[PDB]
Enquirer: 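A single structure is presented below for examination.
Convention: sequence-line order gives letters A, B, ...; per-chain numbering from 1. We use all heavy atoms of the structure for the numbers below, so side chains are in, but hydrogens, waters and symmetry mates are not.
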Protein chains: 2
Amino acid sequence: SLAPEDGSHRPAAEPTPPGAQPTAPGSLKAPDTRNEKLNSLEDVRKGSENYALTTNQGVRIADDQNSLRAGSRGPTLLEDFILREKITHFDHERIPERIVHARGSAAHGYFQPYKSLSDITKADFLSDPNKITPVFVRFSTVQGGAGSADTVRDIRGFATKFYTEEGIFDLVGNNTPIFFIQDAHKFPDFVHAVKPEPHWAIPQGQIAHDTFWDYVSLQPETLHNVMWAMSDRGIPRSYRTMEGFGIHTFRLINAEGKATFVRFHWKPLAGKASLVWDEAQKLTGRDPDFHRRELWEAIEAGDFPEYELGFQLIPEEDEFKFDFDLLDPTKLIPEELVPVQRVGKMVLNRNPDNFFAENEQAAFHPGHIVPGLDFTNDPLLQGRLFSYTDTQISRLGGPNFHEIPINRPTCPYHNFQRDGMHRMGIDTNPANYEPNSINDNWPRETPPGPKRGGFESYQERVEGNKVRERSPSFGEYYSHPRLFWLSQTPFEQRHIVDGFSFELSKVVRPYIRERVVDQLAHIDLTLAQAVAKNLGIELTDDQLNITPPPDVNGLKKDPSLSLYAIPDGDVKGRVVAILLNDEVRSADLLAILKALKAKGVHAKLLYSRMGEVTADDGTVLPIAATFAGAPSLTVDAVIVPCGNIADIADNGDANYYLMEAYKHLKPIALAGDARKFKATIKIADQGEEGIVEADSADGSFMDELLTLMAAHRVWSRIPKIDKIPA
Amino acid sequence: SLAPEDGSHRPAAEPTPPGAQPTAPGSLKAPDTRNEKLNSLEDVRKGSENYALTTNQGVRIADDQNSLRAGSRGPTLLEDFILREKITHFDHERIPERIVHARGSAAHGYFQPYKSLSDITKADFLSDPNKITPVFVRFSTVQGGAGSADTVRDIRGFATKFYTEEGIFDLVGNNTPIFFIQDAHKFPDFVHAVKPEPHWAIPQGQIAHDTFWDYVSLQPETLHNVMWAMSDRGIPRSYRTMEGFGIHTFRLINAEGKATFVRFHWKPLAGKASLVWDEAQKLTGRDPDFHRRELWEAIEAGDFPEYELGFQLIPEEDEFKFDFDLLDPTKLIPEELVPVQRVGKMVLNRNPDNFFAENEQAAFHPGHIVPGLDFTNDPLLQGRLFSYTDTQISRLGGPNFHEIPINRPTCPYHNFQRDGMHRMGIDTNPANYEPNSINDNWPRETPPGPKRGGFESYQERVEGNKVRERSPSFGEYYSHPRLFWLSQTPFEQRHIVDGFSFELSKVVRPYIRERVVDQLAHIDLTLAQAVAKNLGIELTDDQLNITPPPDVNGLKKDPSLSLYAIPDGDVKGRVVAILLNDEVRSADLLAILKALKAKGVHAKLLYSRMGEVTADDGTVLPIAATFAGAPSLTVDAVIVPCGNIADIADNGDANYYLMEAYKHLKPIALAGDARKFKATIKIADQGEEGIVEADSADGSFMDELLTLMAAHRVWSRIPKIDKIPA
Ligand code: HDD
Ligand code: HDD
């Protein structure tokens, strides 16, 4: 027996705060978290305790420490089948990663509607609020490989598999409401431009390179999503704190056959929140698994990721009522024009057991719809429909990828398809064709109807010639970028300017930077000038005189496009660093932890070494990590209690912790003699907004700190951080 | 025409220093560089200038901007074969990454021996000092994915394909002289332990997690390579500044049939140099492609990576003369006991054209040997021989992987093997078997002989029973980790302590930390207490009294094991950051650059924005990057010339630049008023060793700076760094 006597090798099977227990496979951490899909996986889950070690053929291994050899210093024998099976399996572990969105993190959960939507769709999963649909959701970046970093500047994916009673519906979205391009035929061009460049395969997880900006500068249709990626949208705090969007106009179809245009949304109940650029970039070095970790740990803690499904609904007669085309996936529908109807709630409440078998092998595809939903002619969506079934053939080894457990429907599935590599289902049907008499034509077609009917496409009228031609209605590129720009707060605008300036600094060919500046001058002169100033470019007279694009349907902003304009802060599941000393004022600690607990905010106790310290009343305080070990990048706020401050007052790492947190606009709270640290961050004696200070950690000190955390970051601090060398 | 009129889109086809031009495919950058393998790839190289865009069937494409639809706002049509071919190719771009060493960077080059080695081996590539052998070399980390970061703490791979006249020889080594484990049968256990943990697939590119340290604690054979990995060996400065080793004892076979035991070495002619941990970790965030970039840029600059092949040679009759087993890959052969004999020089002088086609698809395998070499019974080598042919069947799609252009021999190859997926060669032989009469038995077997003979294995005596047993000669785990530790300078020892301490802090289950501390107590008590202390662990009385292991054949140390004990610095190809201000003293800059140029040291001119600044005498200075854009992490030294210092003196970034660089022990040089920056790094008025300072930049300011650079880092600065919040 190798486990510790005291059993401290095994995490408790109860929710616990981040860092309190080793993390574990989800069915071991949370065995009584169930849904129909998790239960259906029980046939393939395999345990391990008390079982003998075997070959894959079931033969018990006696010595798993040695190869078979002629003499104990002799050559290895070919007849060692135990070694060759174990090394063969190892040699073949890897499968191709996804072409795009290869980096991603996934969890199980469930969805439930708020009310029956049968007046507008016959989709069975939306028919009744007591209908519970298991989901599996994978969040992702786009560009980097599966071993790339999480907190890159990039678009994020947000893909949800709904295991419905009438089929799998995959809603395969991103975290911004448009895409970079108009027509699928250009996706390999755009993707190749953003991906590592082909001679030397650099850079990983980064859009800051010549070929990306070359393509943007030549394809103004990109500028709208490029605005989003240059904003703090591009660097979320957490997959729990970003929006999701289907991007395309789709159709809902009701029992009458009436079609409503719809765009899908997910609204994070934890609110919207992003990092700042310096913090995100540094975080790819300090913890490239930050988002994957924090999703896994939120679920372990019971901070379940929750999102509200929302529909923007446009009647069919309203197709041409806006000044942009509804089928143009570079255009958003402003919520001022078409509000988001709140339709249901999805809760992610269980991590997988095995990352490869459930996350790596999951296959999502937007063409996986169900009766009650239909497509539109959006020419980006149209070509997606081809790609996602094609790519699975090499990625997952063949056409039976729906038999891989995570991908199986939980409803019935029967048809006449047979064979293919690694076929699991053994068909007993005498017939493998229809029409057939020999099995009385089973399984049989089903006419469409209100419930449990076969799929029939909405009979849209198609009229035109066979052409490879972009719709003239798609040829407008600047008014949405502009609407986005003007809807941002002044600090969100500064961060956009900064993002463009940093990015274009990394473009080696200066003409490309200039051509991008030319584009920005078509969006907004203030933006173009501020980026230009940073690049050492001077606008021409011409550029200074480009007329701004028009408003969008009379809108000159929509605050729903900002992360922060309308407060939606939720502090539950956020995390605070508490910097310890070798004689902490216990009274400050009790007060801090109590107040954090009451709001569901977690804490991590930090020191100059691991082990424990002892507080003034003798309370033994276990240390979670060192200052350098768990940097301020990893928390939302920093609290420093009183006690023996001289212990840490000269510690470079302790000072730097506060300097880093301060630069990145995080709330900082200082009690008693911790206020000696005001000098490292240059705080005036009478204080400043966003630094909480008092004689001790009373009720008012904690309320102030938590009010700051609800506002996420201290934007007012921004002009002060230029001075700080950190 | 989209290219700019002035041709600034095209990099100069001539050697240029890093940053001076955009990087390019190697046959375009350096068309005049050639060797036999590069010439033989010419039949598959494809150009692009002046050619029409086509399908892969050779059909010219008219409109590559749109799908074929019925009306310009209509549905996409299934008859659009141009869309479907382009999207199909895109959808199937990826192949499985390598199971291990997935992250790697490769170049073309050549090898030449200094003299004929025919007295000791009949290997043709070693037979003639005029025989030049093309090579292809791939350097790699071990744990992370292909999209993981370069400057991780990990082992590095160093694999060389020699395209000889008698076959492909692959020398597939690492940058440490031993491996973690003794028998191949344990490779999947060890690799699963170091790899991201299977529930959540964390952490990437990192050995700092529970399962790695659990395995190490339970498998003391691992401690030797773990010592190496915890030292600064784990974080090389560049692939150009690390050692290479074959690890295993192999054999040389001469024309007489005499076997000589051999271990292979590569000596970096640019010397040995490593980062420090904080630098390396932060650099995975600031530039996760730093080593790939540095290798490609050195080659583009003509700073060709050079290495000297060396052999440790042991006569057959000395097999048992040492305290350790020569077949035990966890033991090193100290150079003090068996010197490295110089064999030849390898020069890497051309980057690939396409990273995927040449790098990602290269297949190296240590079983690819040639007459004049042979194996031994090292039971880790023995199992490697099975793995590398096996894994290629899935990674590269089948048994014809040697027909992928990069893998092809340049020498003849003919046999009776046929078919298989993506078969290129079209065999005209009437026979596909031997013996045959119908083609007069061609191609024919060839007897062994002194040159151009058939391969015959050396007839080593095998005697013993068929067992799965470890040789008892392998069961000693501590004496080599001890020799390594004692061979390290006091600063290298401190960095080892800090490596174990930081790693064990990331282990969640405290008992694992305690178990590893106990192992360290068996190696060296000082090492073990210094780690314990950092972990808040107290050694027991028993642990305090463990007798240390014996020295190795009378050796108390071997300085060849240290990176820095014996200086072997080389400044050629290193890089200096030059921090500019808005009115630089031009005579400072002229003197700085002239001195840098004479030693082949590169520069980058940094400022607070992109564009230009103008010097005191009116010289226009082009800026390469901003302070924040090209951090001190990426350079070897920082020099600040005089001028308008007030311009940058309260710049947070410019100050932090000197602080980061100071912390990481880099030479810093300050001229005239730039001396004001002494206050930011707390240098006394009279200065300190490792900060160069003067009224101006002469003669002798640059000789002192360049002398510091030859010594790589300022180790004596270490006790001073803790003071500074950076
Ligand atoms: C026709 C090509 C094509 C186009 C135009 C798009 N995609 Fe895509 N996308 C793929 C081809 C593709 C793919 C190659 O099929 C992937 C990678 C591997 C896979 O299973 O599907 C994929 C992956 C992928 C994933 C990862 C799913 C997962 O986590 O497993 C998401 C969220 C998206 N896509 C979302 C979108 C959105 C919102 C788009 C535009 C509105 C979009 N993609 C355009
Ligand atoms: C029994 C399995 C096994 C064992 C014991 C080892 N390896 Fe290995 N190694 C592989 C199985 C493997 C592999 C699975 O076959 C790889 C991955 C994919 C491939 O083509 O080869 C590989 C890749 C690989 C690469 C990258 C080659 C490239 O650039 O493509 C290097 C440098 C090494 N190995 C070096 C070593 C050294 C120096 C070892 C110990 C002395 C060693 N490996 C033990």
Enquirer: Which atoms of B/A625 are under 4.5 Å from chain A, going by heavy atoms: the side chain, the backbone, both sets, or neither?
Expert: neither

Enquirer: A/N351 versus chain B, heavy atoms under 4.5 Å apart: side chain, backbone, both or neither?
Expert: neither

Enquirer: Which region of A/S473, side chain (C-beta onward) or backbone (N, CA, C, O), has a non-hydrogen atom less than 4.5 Å from a non-hydrogen atom of chain B, or is it both or neither?
Expert: side chain

Enquirer: Is chain B contacted by the side chain of A/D278, its backbone, both, or neither, given a heavy-atom distance below 4.5 Å?
Expert: both

Enquirer: Give, for atom CG of A/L504 and atom CG of A/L535, the distance between the pair rounded to the nearest 0.5 Å.
Expert: 5.5 Å

Enquirer: A quick test of your reading: do over 12 heavy atoms of other residues, nucleotides or ligands sit less than 6.0 Å from CG of B/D6?
Expert: yes

Enquirer: Measuring heavy-atom distances to chain A, does B/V462 have an atom under 4.5 Å in its side chain, in its backbone, in both, or in neither?
Expert: side chain

Enquirer: Using a cut-off of 6.0 Å, state whether more than 12 heavy atoms not belonging to B/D650 lie near its atom CG.
Expert: no

Enquirer: Side chain from CB out, backbone as N, CA, C, O: work out which of these in A/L218 comes under 4.5 Å of a heavy atom of chain B, or both, or neither.
Expert: side chain

Enquirer: If we count only N and O atoms by modelled type, under 3.5 Å, do the side chains of B/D80 and B/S67 hold a donor and an acceptor together?
Expert: no

Enquirer: Is it the side chain or the backbone of B/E612 that comes within 4.5 Å of chain A heavy atoms, both, or neither?
Expert: neither

Enquirer: Between A/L77 and chain B, with a heavy-atom cut-off of 4.5 Å, which part of the residue counts as in contact: side chain, backbone, both or neither?
Expert: side chain

Enquirer: With a 4.5 angstrom heavy-atom cut-off, is it the side chain or the backbone of B/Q21 that approaches chain A, or both, or neither?
Expert: backbone

Enquirer: For B/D183, is it the side chain, the backbone, both or neither that has a heavy atom under 4.5 Å from a heavy atom of chain A?
Expert: side chain

Enquirer: Identify which part of B/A24 has an atom lying under 4.5 Å from any heavy atom of chain A, answering side chain, backbone, both or neither.
Expert: backbone

